[PDB]
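These values consider heavy atoms only, across backbone and side chains, with no hydrogens, waters or symmetry-generated copies. As the structure lists them, so they are numbered: ligands from 1, and atoms in each ligand from 1. Position 1 is the first residue of the sequence; numbering continues from there.
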Amino acid sequence: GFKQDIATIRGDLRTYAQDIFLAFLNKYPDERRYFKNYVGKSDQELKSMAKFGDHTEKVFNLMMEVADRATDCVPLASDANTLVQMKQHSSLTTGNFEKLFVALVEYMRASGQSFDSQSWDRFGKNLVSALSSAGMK
Ligand code: HEM
């Protein structure tokens with residue numbers, strides 16, 4: 001279930017973080033414009049870029065903390081507020097986050113692995129609602 005998936009992701013966070021983040025950028029290539037250091041870099045070039053690994057790790061660690069603090073895939077309003085108020089997110093809208101969760105759920109469905117994809121899609125929906133409530137356009 002969803003709690004086991006957090007443990008699966010955390011066990012190999014760097015690899016899952018890098019692989020899901022790349023799946024996101026490759027499915028929605030316009031999103032790469034927000035990451036001006038990752039423009040014009042192949043998957044293997046980014047795996048060799050220390051800041052890419054550090055960024056993706058820090059993003060997925062926070063995502064897994066928000067997921068673990070959720071109850072029945074409902075995130076805390078305080079965690080949504082953190083994601084809205086972050087300086088690095090100031091230009092974003094809820095559609096950037098729904099694209100990340102669409103990509104994440106499709107990655108999970110395609111993997112060899114027994115992810116609770118329906119729960120990640122619900123979590124993403126609930127998080128988008130919470131981001132909108134915390135003032136994201
Ligand atoms: C639940 C989803 C997300 C979480 C948990 C998250 C978390 C984070 C964290 C923790 C950082 C700082 C990392 C560091 O200092 O190295 C960060 C940076 C950033 N985030 Fe997000 N983020 C999310 C979704 C998104 C989305 C959908 C976008 C844009 C499409 C985005 C754009 C950025 C950008 C542009 C930065 C600055 C890049 C950098 O660290 O150099 N984030 N995010």
| Ligand-residue contact atoms, ligand 1 with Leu92, heavy atoms, under 4.0 Å |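 Taking each heavy atom of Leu92 in turn, ligand 1 has 28 (C), 29 (C), 31 (C), 32 (C) under 4.0 Å.
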
- prompt: What atoms of ligand 1 come within less than 4.0 Å of a heavy atom belonging to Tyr34?
  reply: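 Those of ligand 1 that fall under 4.0 Å from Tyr34 are 35 (C).
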
Measure from the side-chain N and O atoms of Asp79 to the backbone N and O of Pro75, and report whether any donor-acceptor pair falls under 3.5 Å.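 Absent.
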
- Message: Counting neighbours of CD on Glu98 that are heavy atoms of other residues, nucleotides or ligands and sit closer than 6.0 Å, is the number greater than 12?
- Response: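 Above 12, so yes.
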
* Determine whether more than 12 heavy atoms belonging to other residues, nucleotides or ligands lie under 6.0 Å from atom NZ of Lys36. =>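 Check passes, neighbour count above 12.
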
Exercise for review: Going by heavy-atom distance to atom 34 (C) of ligand 1, choose the closest among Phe101, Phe35, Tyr38, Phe52.
Suggested key: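 Going through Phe101, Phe35, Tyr38, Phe52 one by one, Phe35 has the nearest heavy atom to atom 34 (C) of ligand 1.
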
Selected option - heavy-atom contact closest to atom 12 (C) of ligand 1, from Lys58, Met64, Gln88: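 When every heavy atom of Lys58, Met64, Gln88 is considered, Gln88 comes closest to atom 12 (C) of ligand 1.
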
Which protein non-hydrogen atom lies closest to [atom], naming both residue and atom, and how far is it?
| atom | value |
| --- | --- |
| atom 5 (C) of ligand 1 | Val59 O, 3.4 Å |
| atom 1 (C) of ligand 1 | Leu127 CD2, 3.9 Å |
| atom 27 (C) of ligand 1 | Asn96 O, 3.4 Å |
| atom 3 (C) of ligand 1 | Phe97 CE2, 3.9 Å |
| atom 9 (C) of ligand 1 | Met86 CE, 3.5 Å |
| atom 19 (C) of ligand 1 | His55 NE2, 3.5 Å |

Review point. Ion pair present between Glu65 and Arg10, side-chain N to carboxylate O less than 4.0 angstrom?
Key: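 Salt bridge between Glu65 and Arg10, a charged N being under 4.0 Å from a carboxylate O: yes.
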
Electrostatic pair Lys3-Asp116, nearest N-O below 4.0 angstrom: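 No.
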
Check your understanding: Taking the six-membered ring for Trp, are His89 and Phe97 parallel (under 30°), tilted (30 to 60°) or perpendicular (over 60°)?
Key ->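 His89 and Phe97: perpendicular rings.
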
Quiz item: Is it the side chain (CB and beyond), the backbone, both or neither of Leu83 that lies under 4.0 Å from ligand 1, heavy atoms counted?
Solution: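 Near ligand 1, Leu83 shows its side chain, while the N, CA, C and O stay back.
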
Margin query: Can you tell me which portion of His89 lies within the under-4.0 Å heavy-atom range of ligand 1? Options are side chain, backbone, both, or neither.
Written below: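 For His89, only side-chain atoms sit under 4.0 Å from ligand 1.
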
So is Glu31 polar-close to ligand 1, meaning N/O to N/O under 3.5 Å?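 Between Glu31 and ligand 1 (N or O atoms, distance only) the closest approach is not under 3.5 Å.
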
Before we go on, tell me: are the rings of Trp120 and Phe101 under 6.0 Å apart, centre to centre?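 Not under 6.0 Å, so no.
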
| Could a heavy atom of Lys51 be found less than 4.0 Å from some atom of ligand 1? |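 So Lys51 does not count as touching ligand 1.
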
Review point. Going by distance alone, is a donor N or O of one side chain under 3.5 Å from an acceptor N or O of the other, for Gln113 and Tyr16?
Key: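 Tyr16 and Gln113 do have a side-chain donor-acceptor pair below 3.5 Å.
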
Residue pair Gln4 / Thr8, side-chain donor-acceptor N/O under 3.5 Å:
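Note: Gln4 and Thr8 side chains meet the donor-acceptor criterion.
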
